[PDB]
file data04.txt (compact mmCIF, C-alpha atoms and all ligand atoms)
# COMPACT_ATOMS: atom_id res chain seq x y z
CA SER A 55 214.00 -53.14 115.46
CA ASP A 56 214.64 -53.04 119.20
CA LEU A 57 213.05 -50.55 121.59
CA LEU A 58 214.34 -47.03 120.97
CA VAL A 59 214.28 -44.83 124.06
CA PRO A 60 213.62 -41.05 124.21
CA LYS A 61 216.40 -38.78 125.46
CA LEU A 62 216.33 -35.33 127.06
CA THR A 63 218.72 -32.40 126.59
CA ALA A 64 218.51 -29.20 128.63
CA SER A 65 220.46 -25.96 128.28
CA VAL A 66 221.21 -26.13 132.03
CA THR A 67 222.76 -28.87 134.16
CA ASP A 68 221.37 -30.29 137.39
CA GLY A 69 223.10 -28.70 140.37
CA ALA A 70 224.60 -25.81 138.40
CA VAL A 71 225.25 -22.44 140.05
CA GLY A 72 225.81 -18.94 138.72
CA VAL A 73 223.64 -19.58 135.65
CA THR A 74 223.38 -16.31 133.72
CA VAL A 75 219.88 -15.15 132.82
CA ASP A 76 220.96 -13.54 129.51
CA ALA A 77 219.52 -16.52 127.60
CA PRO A 78 216.36 -18.64 127.76
CA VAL A 79 216.37 -22.14 129.22
CA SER A 80 215.38 -24.90 126.80
CA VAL A 81 214.62 -28.62 126.87
CA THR A 82 215.01 -30.85 123.82
CA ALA A 83 213.75 -34.38 123.17
CA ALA A 84 215.47 -36.97 120.96
CA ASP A 85 213.86 -40.18 119.69
CA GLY A 86 210.59 -38.91 121.13
CA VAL A 87 208.43 -35.89 121.85
CA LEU A 88 207.89 -33.78 124.96
CA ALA A 89 204.74 -34.65 126.93
CA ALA A 90 205.13 -32.29 129.90
CA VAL A 91 207.62 -29.56 130.79
CA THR A 92 207.29 -27.30 133.84
CA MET A 93 209.69 -24.86 135.49
CA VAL A 94 209.07 -23.22 138.87
CA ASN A 95 211.12 -20.90 141.04
CA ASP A 96 212.03 -21.34 144.71
CA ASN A 97 208.59 -20.01 145.75
CA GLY A 98 206.66 -22.45 143.53
CA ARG A 99 205.56 -19.88 140.95
CA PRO A 100 205.59 -21.33 137.40
CA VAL A 101 207.74 -19.87 134.63
CA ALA A 102 206.09 -19.03 131.32
CA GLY A 103 207.11 -21.37 128.51
CA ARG A 104 206.19 -22.49 125.02
CA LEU A 105 206.37 -25.98 123.53
CA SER A 106 207.12 -26.09 119.81
CA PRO A 107 204.44 -27.49 117.47
CA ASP A 108 206.50 -30.60 116.67
CA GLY A 109 206.88 -31.20 120.42
CA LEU A 110 210.68 -31.39 120.36
CA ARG A 111 211.52 -28.01 121.92
CA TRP A 112 210.35 -26.21 125.06
CA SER A 113 211.74 -22.80 125.96
CA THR A 114 211.11 -20.19 128.61
CA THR A 115 209.15 -17.27 127.14
CA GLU A 116 209.82 -14.74 129.92
CA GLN A 117 212.89 -13.17 131.47
CA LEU A 118 214.46 -15.17 134.30
CA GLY A 119 215.35 -13.48 137.57
CA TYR A 120 218.55 -12.99 139.52
CA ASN A 121 219.15 -14.76 142.84
CA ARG A 122 216.62 -17.49 142.06
CA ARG A 123 216.66 -21.27 142.41
CA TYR A 124 214.70 -22.85 139.56
CA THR A 125 213.41 -26.42 139.36
CA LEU A 126 212.66 -28.04 136.00
CA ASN A 127 210.68 -31.20 135.23
CA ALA A 128 210.42 -32.71 131.74
CA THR A 129 208.82 -35.93 130.51
CA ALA A 130 209.57 -37.33 127.04
CA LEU A 131 207.42 -40.07 125.50
CA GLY A 132 208.29 -42.28 122.55
CA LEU A 133 207.40 -45.50 120.80
CA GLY A 134 209.85 -47.36 123.05
CA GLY A 135 209.28 -46.15 126.59
CA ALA A 136 209.56 -42.85 128.42
CA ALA A 137 212.13 -40.72 130.22
CA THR A 138 211.84 -38.12 132.97
CA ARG A 139 214.37 -35.77 134.55
CA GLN A 140 214.32 -33.19 137.34
CA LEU A 141 216.91 -30.40 137.21
CA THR A 142 217.55 -27.63 139.74
CA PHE A 143 219.88 -24.69 139.19
CA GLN A 144 220.61 -21.31 140.76
CA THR A 145 220.96 -18.13 138.73
CA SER A 146 223.42 -15.28 139.19
CA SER A 147 223.27 -13.23 142.40
CA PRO A 148 224.74 -9.84 141.43
CA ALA A 149 226.66 -7.79 143.95
CA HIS A 150 225.37 -4.63 142.26
CA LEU A 151 223.15 -3.62 139.34
CA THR A 152 223.58 -1.01 136.61
CA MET A 153 221.00 0.45 134.23
CA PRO A 154 222.08 1.74 130.80
CA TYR A 155 220.72 4.85 129.09
CA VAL A 156 220.94 5.25 125.32
CA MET A 157 221.01 8.38 123.15
CA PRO A 158 219.70 9.52 120.76
CA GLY A 159 216.06 8.78 121.53
CA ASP A 160 214.07 6.07 119.81
CA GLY A 161 212.67 7.33 116.51
CA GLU A 162 214.70 10.54 116.53
CA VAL A 163 216.19 12.15 113.43
CA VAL A 164 219.71 13.47 114.09
CA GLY A 165 222.55 15.11 112.21
CA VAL A 166 225.55 13.50 110.57
CA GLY A 167 227.72 13.89 113.68
CA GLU A 168 225.56 12.10 116.27
CA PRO A 169 227.32 9.08 117.80
CA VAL A 170 225.60 6.20 119.53
CA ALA A 171 225.82 6.75 123.29
CA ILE A 172 225.38 4.14 126.02
CA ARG A 173 225.57 5.61 129.53
CA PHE A 174 225.57 3.36 132.59
CA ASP A 175 224.69 4.60 136.08
CA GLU A 176 227.67 2.81 137.66
CA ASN A 177 231.34 2.31 136.87
CA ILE A 178 231.95 -0.46 134.33
CA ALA A 179 234.90 -2.62 135.39
CA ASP A 180 234.74 -4.94 132.34
CA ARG A 181 234.36 -2.66 129.32
CA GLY A 182 234.95 -5.58 126.96
CA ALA A 183 231.84 -7.38 128.17
CA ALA A 184 229.83 -4.17 127.82
CA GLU A 185 230.98 -3.73 124.22
CA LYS A 186 230.28 -7.39 123.43
CA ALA A 187 226.72 -6.98 124.76
CA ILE A 188 225.97 -3.97 122.51
CA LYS A 189 224.98 -4.81 118.92
CA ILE A 190 224.81 -1.92 116.45
CA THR A 191 223.19 -2.34 113.02
CA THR A 192 223.66 0.23 110.26
CA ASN A 193 221.99 0.46 106.85
CA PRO A 194 223.88 1.00 104.62
CA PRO A 195 226.45 -0.88 106.72
CA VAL A 196 229.43 1.20 107.84
CA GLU A 197 232.48 0.50 109.98
CA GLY A 198 232.51 1.89 113.51
CA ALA A 199 234.13 1.16 116.85
CA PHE A 200 233.71 1.69 120.58
CA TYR A 201 235.53 4.33 122.61
CA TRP A 202 234.92 5.23 126.25
CA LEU A 203 234.67 8.88 127.31
CA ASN A 204 234.70 7.99 131.02
CA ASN A 205 234.23 4.98 133.30
CA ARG A 206 230.45 4.94 132.73
CA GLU A 207 229.71 6.05 129.13
CA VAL A 208 230.85 4.57 125.83
CA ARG A 209 230.44 5.92 122.30
CA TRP A 210 230.23 4.33 118.86
CA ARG A 211 230.76 6.21 115.60
CA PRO A 212 232.23 5.64 112.13
CA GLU A 213 235.44 7.21 110.82
CA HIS A 214 233.66 10.04 108.98
CA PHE A 215 230.30 11.71 109.51
CA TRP A 216 227.22 9.60 108.87
CA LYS A 217 225.78 9.51 105.39
CA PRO A 218 222.30 11.11 105.39
CA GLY A 219 219.56 8.50 105.24
CA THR A 220 221.47 5.90 107.27
CA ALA A 221 219.38 3.75 109.61
CA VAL A 222 220.95 2.85 112.96
CA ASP A 223 219.66 0.22 115.40
CA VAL A 224 221.04 -0.18 118.93
CA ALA A 225 220.40 -3.24 121.12
CA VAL A 226 221.99 -3.04 124.58
CA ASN A 227 221.58 -6.63 125.80
CA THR A 228 223.10 -6.16 129.25
CA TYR A 229 220.57 -8.15 131.28
CA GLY A 230 222.17 -11.21 132.85
CA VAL A 231 225.63 -10.05 131.72
CA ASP A 232 228.45 -9.84 134.25
CA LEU A 233 229.84 -6.35 133.63
CA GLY A 234 232.62 -6.86 136.19
CA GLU A 235 233.00 -7.15 139.96
CA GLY A 236 229.48 -8.49 140.39
CA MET A 237 227.95 -5.64 138.36
CA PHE A 238 225.12 -7.05 136.25
CA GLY A 239 222.80 -5.32 133.82
CA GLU A 240 219.49 -4.22 135.29
CA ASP A 241 217.66 -4.38 131.93
CA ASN A 242 218.05 -4.30 128.15
CA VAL A 243 217.64 -1.31 125.86
CA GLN A 244 216.56 -1.09 122.21
CA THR A 245 216.82 2.23 120.36
CA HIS A 246 216.54 3.12 116.67
CA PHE A 247 217.25 6.45 114.98
CA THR A 248 217.91 7.86 111.51
CA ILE A 249 220.44 10.29 110.04
CA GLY A 250 218.95 13.44 108.54
CA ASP A 251 220.29 16.32 106.48
CA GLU A 252 223.93 17.39 106.55
CA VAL A 253 224.16 20.63 108.56
CA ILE A 254 227.67 21.98 109.22
CA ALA A 255 228.16 25.43 110.75
CA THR A 256 231.67 26.92 110.63
CA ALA A 257 232.87 29.70 112.95
CA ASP A 258 236.07 31.33 111.70
CA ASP A 259 237.86 33.54 114.22
CA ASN A 260 239.53 35.38 111.33
CA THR A 261 236.17 36.66 110.04
CA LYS A 262 234.21 36.34 113.31
CA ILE A 263 231.38 34.91 111.19
CA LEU A 264 229.35 31.77 111.93
CA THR A 265 228.32 30.30 108.56
CA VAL A 266 225.63 27.59 108.46
CA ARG A 267 225.72 25.16 105.52
CA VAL A 268 222.88 22.77 104.67
CA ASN A 269 223.78 20.00 102.21
CA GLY A 270 226.81 22.10 101.29
CA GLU A 271 224.90 25.32 100.53
CA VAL A 272 225.39 28.46 102.60
CA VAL A 273 222.02 29.35 104.13
CA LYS A 274 222.89 31.74 106.97
CA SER A 275 225.84 33.97 107.90
CA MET A 276 225.81 35.11 111.53
CA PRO A 277 228.15 37.78 112.94
CA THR A 278 229.43 36.29 116.18
CA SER A 279 231.56 37.11 119.22
CA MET A 280 233.44 34.18 120.71
CA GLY A 281 235.69 33.72 123.74
CA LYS A 282 238.16 36.46 124.56
CA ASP A 283 241.87 35.68 124.71
CA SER A 284 241.80 34.92 128.43
CA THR A 285 238.92 32.42 128.01
CA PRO A 286 238.97 31.50 124.33
CA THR A 287 236.69 29.23 122.36
CA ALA A 288 238.57 26.03 121.54
CA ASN A 289 239.04 25.05 117.92
CA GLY A 290 237.73 21.69 116.73
CA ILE A 291 234.51 19.85 115.96
CA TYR A 292 231.46 20.27 118.20
CA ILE A 293 228.33 18.11 118.17
CA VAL A 294 225.05 19.96 118.68
CA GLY A 295 223.30 18.78 121.82
CA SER A 296 220.16 19.97 123.60
CA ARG A 297 218.29 23.20 122.83
CA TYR A 298 216.60 25.72 125.12
CA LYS A 299 214.24 28.60 124.38
CA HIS A 300 215.79 30.15 127.51
CA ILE A 301 218.20 28.95 130.18
CA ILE A 302 220.01 30.34 133.22
CA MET A 303 223.75 30.00 132.64
CA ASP A 304 225.32 29.35 136.06
CA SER A 305 229.10 28.98 136.37
CA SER A 306 228.76 27.07 139.65
CA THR A 307 227.66 23.97 137.72
CA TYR A 308 231.36 23.61 136.78
CA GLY A 309 232.85 24.40 140.19
CA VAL A 310 233.45 28.09 139.38
CA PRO A 311 231.72 30.16 142.10
CA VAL A 312 229.24 32.70 140.75
CA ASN A 313 230.78 35.16 143.23
CA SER A 314 234.20 35.06 141.56
CA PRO A 315 235.95 37.33 139.05
CA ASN A 316 235.44 34.62 136.40
CA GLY A 317 232.03 33.42 137.60
CA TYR A 318 228.67 34.36 136.16
CA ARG A 319 224.92 33.88 136.39
CA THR A 320 222.77 35.24 133.56
CA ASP A 321 219.56 34.31 131.74
CA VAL A 322 219.87 33.92 127.97
CA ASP A 323 217.56 33.13 125.07
CA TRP A 324 217.70 30.59 122.24
CA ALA A 325 220.65 28.63 123.61
CA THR A 326 221.97 25.61 121.69
CA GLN A 327 224.46 23.42 123.55
CA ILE A 328 227.56 22.30 121.65
CA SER A 329 229.96 21.32 124.46
CA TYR A 330 229.62 19.83 127.93
CA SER A 331 232.21 22.35 129.14
CA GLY A 332 229.58 25.04 128.53
CA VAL A 333 229.95 26.31 124.96
CA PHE A 334 226.58 27.46 123.59
CA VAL A 335 225.23 29.36 120.62
CA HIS A 336 222.86 31.83 122.27
CA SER A 337 221.27 35.25 121.95
CA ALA A 338 223.62 38.04 123.09
CA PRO A 339 221.97 41.46 122.75
CA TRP A 340 224.76 42.93 124.91
CA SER A 341 227.41 42.15 122.26
CA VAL A 342 225.81 42.88 118.86
CA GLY A 343 228.29 45.72 118.38
CA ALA A 344 231.10 43.24 119.03
CA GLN A 345 229.60 40.37 117.02
CA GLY A 346 231.56 40.16 113.78
CA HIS A 347 234.41 42.28 115.17
CA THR A 348 235.95 41.22 118.50
CA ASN A 349 235.59 38.39 121.02
CA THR A 350 234.18 39.10 124.47
CA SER A 351 232.70 35.89 126.02
CA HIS A 352 233.85 32.91 128.11
CA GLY A 353 233.66 30.55 125.11
CA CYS A 354 230.03 30.82 124.07
CA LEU A 355 229.33 31.80 120.47
CA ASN A 356 227.42 35.06 120.95
CA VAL A 357 225.02 35.98 118.14
CA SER A 358 222.05 38.28 117.69
CA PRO A 359 218.61 37.22 118.97
CA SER A 360 217.35 36.78 115.40
CA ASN A 361 220.24 34.49 114.47
CA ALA A 362 220.14 32.71 117.83
CA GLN A 363 216.48 31.78 117.36
CA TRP A 364 217.23 30.82 113.76
CA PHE A 365 219.96 28.44 114.94
CA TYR A 366 217.53 27.04 117.52
CA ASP A 367 214.90 26.51 114.81
CA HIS A 368 217.03 25.10 111.95
CA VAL A 369 219.66 23.02 113.81
CA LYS A 370 219.00 19.61 115.35
CA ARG A 371 220.84 17.30 117.72
CA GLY A 372 223.78 15.70 115.93
CA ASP A 373 224.54 18.63 113.63
CA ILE A 374 228.12 19.91 113.60
CA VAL A 375 229.77 23.20 114.57
CA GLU A 376 233.44 23.73 113.67
CA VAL A 377 235.59 26.46 115.20
CA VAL A 378 238.88 27.32 113.48
CA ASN A 379 241.75 29.79 113.79
CA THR A 380 241.14 30.75 117.42
CA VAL A 381 243.88 31.52 119.93
CA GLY A 382 242.76 28.47 121.92
CA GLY A 383 243.69 24.83 121.61
CA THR A 384 241.55 21.94 120.41
CA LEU A 385 238.39 20.81 122.17
CA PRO A 386 239.03 17.68 124.27
CA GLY A 387 237.90 14.50 122.56
CA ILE A 388 236.27 13.26 125.77
CA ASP A 389 234.33 16.47 126.49
CA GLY A 390 231.02 14.74 125.80
CA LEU A 391 230.42 16.35 122.41
CA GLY A 392 233.98 16.39 121.06
CA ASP A 393 234.06 12.76 119.95
CA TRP A 394 235.20 13.69 116.44
CA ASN A 395 238.38 15.42 117.64
CA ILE A 396 239.87 12.03 118.58
CA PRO A 397 241.86 10.82 115.53
CA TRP A 398 240.22 7.81 113.93
CA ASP A 399 243.17 5.50 114.56
CA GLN A 400 243.00 6.15 118.31
CA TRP A 401 239.21 5.84 118.41
CA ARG A 402 239.28 2.63 116.34
CA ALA A 403 241.89 1.07 118.63
CA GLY A 404 239.47 1.79 121.48
CA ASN A 405 240.27 1.76 125.18
CA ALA A 406 238.57 -1.40 126.46
CA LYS A 407 241.76 -2.06 128.47
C1 LIG B 501 227.92 30.43 127.70
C2 LIG B 501 228.51 31.76 128.03
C3 LIG B 501 229.95 31.43 128.12
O1 LIG B 501 230.84 32.16 127.87
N1 LIG B 501 230.03 29.98 128.57
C4 LIG B 501 231.21 29.16 128.83
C5 LIG B 501 231.64 29.01 130.14
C6 LIG B 501 232.74 28.23 130.42
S1 LIG B 501 233.30 28.06 132.14
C7 LIG B 501 232.25 26.88 133.04
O2 LIG B 501 233.33 29.36 132.82
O3 LIG B 501 234.71 27.66 132.21
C8 LIG B 501 233.42 27.58 129.41
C9 LIG B 501 232.99 27.71 128.10
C10 LIG B 501 231.88 28.50 127.81
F1 LIG B 501 231.47 28.63 126.52
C11 LIG B 501 228.68 29.55 128.71
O4 LIG B 501 228.26 28.72 129.44
CL CL B 502 205.33 -24.74 131.39
CL CL B 503 220.37 8.02 135.81
CL CL B 504 240.10 39.95 123.01
CL CL B 505 224.31 26.12 133.20
NA NA B 506 217.22 -54.99 122.70
NA NA B 507 227.81 35.84 130.37
call {"tool": "encode", "arguments": {"input": "data04.txt", "output": "structure tokens"}}
result
Amino acid sequence: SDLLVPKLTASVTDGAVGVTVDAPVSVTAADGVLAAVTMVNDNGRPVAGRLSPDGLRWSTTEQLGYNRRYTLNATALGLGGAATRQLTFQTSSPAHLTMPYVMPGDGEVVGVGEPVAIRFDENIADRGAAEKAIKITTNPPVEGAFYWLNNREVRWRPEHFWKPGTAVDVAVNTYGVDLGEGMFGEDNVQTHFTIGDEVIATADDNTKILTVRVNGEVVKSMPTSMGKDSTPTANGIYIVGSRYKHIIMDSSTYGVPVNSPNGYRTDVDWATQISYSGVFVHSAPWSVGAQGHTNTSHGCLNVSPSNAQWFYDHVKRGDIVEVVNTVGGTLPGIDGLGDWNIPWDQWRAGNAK
């Protein structure tokens, strides 16, 4: 048997540029074991690594940085000689960075209508890469798809409402990923949430009653006053959002001056958001005589203080409100909480462009 000679294999090539940092760097020995492996950046600072017990694999154990020039030295020893290699490579230098933000929060329990939300703080030129970098796990597994509400936020939901008890895991692995036009991910995100009870509240303009159903059983019937004809509440499916014991409604947040005929600024109690456009379920003492009879608001579902607080107490983010038989149209699918009004075939087809 003649002298066999160890060989070295690295996941980077000497002289390479634009190396993406979305993966560790590794060195592998063949016909021999690794005796020494070091990796330092342009300033001489070492990079954390781990050699496998069998001595055949060394990998970086920490995140690698943008705009860095790394130098790698590896020595492989064997029964028939040795082999050494020095490799230098330069990582990606982004033109701009973008940090994602994921809802719902880690560990939260949400209703059957809560979609996965990934919001970036910059415009995403390559939506496809963003979608490819986002891995969603569901238990029991269910089909879902991506759909963008605007140039910075994407959503992921199944065809129908979640089944209660479903576990969802979200891993936004955007670090080191070219998201288009030199826009690279600033970090990764990992969120996990669970689907709770089915809570569907239906507001019928014919009866002017807001009926809350938990697991299919009617548990509360609230006389309500919705948007008047000139500013009606839109029919469709609303996703419950944030909740406030009290909040100052200010029309100027939507570009409508407070000092207008259609502007407003008032403080209200027990407000539950259900649309970005400003539809809330809140306490309306000034309209109890109208609640259950005639509509008098700008879209908000007015109810009594008792029922408003009840809604605040018994409804959670992700629960569903459905408005039907109003003089208005359908809530826009891209409102922010109207995801379910987009027909499944359009949502499934996505808009990655
Ligand atoms: C709750 C009280 C109310 O009627 N709205 C509301 C306002 C508007 S807007 C910004 O004037 O067009 C749209 C829909 C609404 F429900 C509240 O904010
Ligand atoms: Cl090392
Ligand atoms: Cl932000
Ligand atoms: Cl009216
Ligand atoms: Cl507001
Ligand atoms: Na020989
Ligand atoms: Na008002």
call {"tool": "atom_distance", "arguments": {"input": "data04.txt", "atom1": "atom CA of residue 268 of chain A", "atom2": "atom CA of residue 252 of chain A"}}
result
5.8 Å
call {"tool": "atom_distance", "arguments": {"input": "data04.txt", "atom1": "atom CA of residue 397 of chain A", "atom2": "atom CA of residue 336 of chain A"}}
result
29.1 Å
call {"tool": "residues_near_ligand", "arguments": {"input": "data04.txt", "ligand": "ligand LIG 501 (chain B)", "cutoff": "9 Å", "atoms": "all atoms listed in the file", "output": "PDB file with C-alpha atoms, keeping the file's coordinate frame"}}
result
ATOM      1  CA  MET A 280     233.440  34.180 120.710  1.00  0.00           C
ATOM      2  CA  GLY A 281     235.690  33.720 123.740  1.00  0.00           C
ATOM      3  CA  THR A 285     238.920  32.420 128.010  1.00  0.00           C
ATOM      4  CA  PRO A 286     238.970  31.500 124.330  1.00  0.00           C
ATOM      5  CA  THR A 287     236.690  29.230 122.360  1.00  0.00           C
ATOM      6  CA  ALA A 288     238.570  26.030 121.540  1.00  0.00           C
ATOM      7  CA  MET A 303     223.750  30.000 132.640  1.00  0.00           C
ATOM      8  CA  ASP A 304     225.320  29.350 136.060  1.00  0.00           C
ATOM      9  CA  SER A 305     229.100  28.980 136.370  1.00  0.00           C
ATOM     10  CA  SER A 306     228.760  27.070 139.650  1.00  0.00           C
ATOM     11  CA  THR A 307     227.660  23.970 137.720  1.00  0.00           C
ATOM     12  CA  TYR A 308     231.360  23.610 136.780  1.00  0.00           C
ATOM     13  CA  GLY A 309     232.850  24.400 140.190  1.00  0.00           C
ATOM     14  CA  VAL A 310     233.450  28.090 139.380  1.00  0.00           C
ATOM     15  CA  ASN A 316     235.440  34.620 136.400  1.00  0.00           C
ATOM     16  CA  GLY A 317     232.030  33.420 137.600  1.00  0.00           C
ATOM     17  CA  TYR A 318     228.670  34.360 136.160  1.00  0.00           C
ATOM     18  CA  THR A 320     222.770  35.240 133.560  1.00  0.00           C
ATOM     19  CA  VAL A 322     219.870  33.920 127.970  1.00  0.00           C
ATOM     20  CA  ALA A 325     220.650  28.630 123.610  1.00  0.00           C
ATOM     21  CA  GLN A 327     224.460  23.420 123.550  1.00  0.00           C
ATOM     22  CA  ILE A 328     227.560  22.300 121.650  1.00  0.00           C
ATOM     23  CA  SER A 329     229.960  21.320 124.460  1.00  0.00           C
ATOM     24  CA  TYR A 330     229.620  19.830 127.930  1.00  0.00           C
ATOM     25  CA  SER A 331     232.210  22.350 129.140  1.00  0.00           C
ATOM     26  CA  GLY A 332     229.580  25.040 128.530  1.00  0.00           C
ATOM     27  CA  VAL A 333     229.950  26.310 124.960  1.00  0.00           C
ATOM     28  CA  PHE A 334     226.580  27.460 123.590  1.00  0.00           C
ATOM     29  CA  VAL A 335     225.230  29.360 120.620  1.00  0.00           C
ATOM     30  CA  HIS A 336     222.860  31.830 122.270  1.00  0.00           C
ATOM     31  CA  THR A 350     234.180  39.100 124.470  1.00  0.00           C
ATOM     32  CA  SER A 351     232.700  35.890 126.020  1.00  0.00           C
ATOM     33  CA  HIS A 352     233.850  32.910 128.110  1.00  0.00           C
ATOM     34  CA  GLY A 353     233.660  30.550 125.110  1.00  0.00           C
ATOM     35  CA  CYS A 354     230.030  30.820 124.070  1.00  0.00           C
ATOM     36  CA  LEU A 355     229.330  31.800 120.470  1.00  0.00           C
ATOM     37  CA  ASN A 356     227.420  35.060 120.950  1.00  0.00           C
TER      38      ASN A 356
END
call {"tool": "atom_distance", "arguments": {"input": "data04.txt", "atom1": "atom CA of residue 257 of chain A", "atom2": "atom CA of residue 342 of chain A"}}
result
16.1 Å
call {"tool": "residues_around", "arguments": {"input": "data04.txt", "residues": "residue 250 of chain A", "least_positions_apart": "6", "cutoff": "12 Å", "atoms": "all atoms listed in the file", "output": "ChimeraX atom specification"}}
result
/A:161-168,215-222,268-269,369-373
call {"tool": "residues_around", "arguments": {"input": "data04.txt", "residues": "segment 186-192 of chain A", "least_positions_apart": "4", "cutoff": "9 Å", "atoms": "all atoms listed in the file", "output": "ChimeraX atom specification"}}
result
/A:170,172,181-182,196-197,210,220-228,231
call {"tool": "closest_residue", "arguments": {"input": "data04.txt", "among": "A:102, A:388, A:183, A:381", "to": "ligand CL 504 (chain B)", "atoms": "only C-alpha atoms and all ligand atoms"}}
result
A:381
call {"tool": "residues_near_point", "arguments": {"input": "data04.txt", "point": "(212.7, -24.6, 144.2)", "cutoff": "9 Å", "atoms": "all atoms listed in the file", "output": "PyMOL selection string"}}
result
chain A and resi 94-98+122-126+142-143
call {"tool": "residues_near_ligand", "arguments": {"input": "data04.txt", "ligand": "ligand CL 502 (chain B)", "cutoff": "10 Å", "atoms": "only C-alpha atoms and all ligand atoms", "output": "list in words"}}
result
residues 90, 91, 92, 93, 94, 100, 101, 102, 103, 104, 105, 112, 113, 114, 115, 126, 127 and 128 of chain A
call {"tool": "residues_around", "arguments": {"input": "data04.txt", "residues": "residue 262 of chain A", "least_positions_apart": "5", "cutoff": "9 Å", "atoms": "all atoms listed in the file", "output": "PyMOL selection string"}}
result
chain A and resi 257+276-280+345-349
call {"tool": "residues_around", "arguments": {"input": "data04.txt", "residues": "segment 198-205 of chain A", "least_positions_apart": "4", "cutoff": "10 Å", "atoms": "only C-alpha atoms", "output": "number ranges by chain"}}
result
A: 169-182, 185, 188, 190, 192, 209-214, 387-393, 396, 398, 400-406
call {"tool": "closest_residue", "arguments": {"input": "data04.txt", "among": "A:314, A:363, A:69, A:134", "to": "ligand NA 506 (chain B)", "atoms": "only C-alpha atoms and all ligand atoms"}}
result
A:134
call {"tool": "axis_aligned_box", "arguments": {"input": "data04.txt", "around": "segment 118-122 of chain A", "padding_each_side": "4 Å", "output": "JSON"}}
result
{"center_x": 216.8, "center_y": -15.2, "center_z": 138.6, "size_x": 12.7, "size_y": 12.5, "size_z": 16.5}
call {"tool": "closest_residue", "arguments": {"input": "data04.txt", "among": "A:258, A:399, A:85, A:76", "to": "residue 289 of chain A", "atoms": "all atoms listed in the file"}}
result
A:258
call {"tool": "closest_residue", "arguments": {"input": "data04.txt", "among": "A:207, A:259, A:251, A:271", "to": "residue 379 of chain A", "atoms": "only C-alpha atoms"}}
result
A:259
call {"tool": "build_atoms", "arguments": {"input": "data04.txt", "residues": "segment 57-67 of chain A", "atoms": "N, CA, C and O atoms", "output": "short mmCIF file (atom, residue, chain, number, x, y, z; two decimals), in the frame of the given file"}}
result
data_model
loop_
_atom_site.label_atom_id
_atom_site.label_comp_id
_atom_site.auth_asym_id
_atom_site.auth_seq_id
_atom_site.Cartn_x
_atom_site.Cartn_y
_atom_site.Cartn_z
N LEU A 57 213.69 -51.71 120.99
CA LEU A 57 213.05 -50.55 121.59
C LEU A 57 213.97 -49.34 121.64
O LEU A 57 214.98 -49.35 122.36
N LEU A 58 213.65 -48.30 120.87
CA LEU A 58 214.34 -47.03 120.97
C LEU A 58 213.78 -46.23 122.14
O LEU A 58 212.58 -46.31 122.45
N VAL A 59 214.62 -45.45 122.80
CA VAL A 59 214.28 -44.83 124.06
C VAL A 59 214.47 -43.31 123.97
O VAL A 59 215.54 -42.86 123.59
N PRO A 60 213.46 -42.51 124.33
CA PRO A 60 213.62 -41.05 124.21
C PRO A 60 214.69 -40.52 125.14
O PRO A 60 214.93 -41.05 126.23
N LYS A 61 215.35 -39.45 124.70
CA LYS A 61 216.40 -38.78 125.46
C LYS A 61 216.05 -37.31 125.64
O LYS A 61 215.30 -36.72 124.86
N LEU A 62 216.61 -36.71 126.70
CA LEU A 62 216.33 -35.33 127.06
C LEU A 62 217.62 -34.53 127.11
O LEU A 62 218.65 -35.02 127.60
N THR A 63 217.57 -33.30 126.60
CA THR A 63 218.72 -32.40 126.59
C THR A 63 218.25 -31.02 127.02
O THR A 63 217.37 -30.44 126.39
N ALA A 64 218.85 -30.51 128.09
CA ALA A 64 218.51 -29.20 128.63
C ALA A 64 219.71 -28.27 128.53
O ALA A 64 220.86 -28.70 128.59
N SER A 65 219.42 -26.98 128.37
CA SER A 65 220.46 -25.96 128.28
C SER A 65 221.07 -25.61 129.64
O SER A 65 221.93 -24.73 129.71
N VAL A 66 220.62 -26.27 130.71
CA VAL A 66 221.21 -26.13 132.03
C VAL A 66 221.49 -27.53 132.56
O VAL A 66 220.93 -28.53 132.08
N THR A 67 222.37 -27.61 133.55
CA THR A 67 222.76 -28.87 134.16
C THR A 67 222.28 -28.92 135.60
O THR A 67 222.31 -27.91 136.32
#
